[PDB]
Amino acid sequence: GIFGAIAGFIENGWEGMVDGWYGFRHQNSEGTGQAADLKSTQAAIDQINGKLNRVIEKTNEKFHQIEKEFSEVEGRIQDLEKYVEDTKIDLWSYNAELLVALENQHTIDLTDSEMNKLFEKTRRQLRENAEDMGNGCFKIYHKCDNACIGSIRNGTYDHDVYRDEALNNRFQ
């Protein structure tokens, strides 16, 4: 939420996008289309798998410990054994609760970030040939058929080819 893309200027997600986390929808002279962006998708997945691998990193191995259940009342020493264990459990429970809260806050922000990064990358490709409509969409001011849209999706769009046509349409 901290970049304002997901659940922000992008109104909602696409349930019909099943082959990626992020991607492109277009409308042009030949129709409409949808395509997943694999690099941004993979960047967010790699980060989430990294944090998952860290959280499950290593299992403490413990053997003989102290007793934790008691059938007889004893007083002082049993009070201390119980207090030590209860103290330990409360602190680990705190660590677990905080860990998940921090990680989940960070996961929501990093995935929002990757969405924003793809948007900013696309904006920069388009240079003076498109305008940001404010809802995650670019209005592209020149004829842009399927190969042209494809060139934008794979980072090879040449803005100079269309600049004259786009400037003419943009400025009356």
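For every residue, the number given is its place in the sequence shown, counted from 1.
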Mean temperature factor over C-alpha atoms, higher-scoring stretch between 43-51 and 58-66: 58-66
Segment of higher mean CA temperature factor, 69-77 or 88-96: 69-77
Residue with highest C-alpha B-factor in the PDB entry, from 104, 129, 146, 113: 146
Ranked against its chain, the third holding the CA B-factor of residue 6: lowest
Third of the chain's Cα B-factor distribution that residue 155 belongs to, per the entry: highest
Lowest, middle or highest third - CA B-factor, residue 23: lowest
Assigned third (lowest, middle, highest) for the C-alpha B factor of residue 35: highest
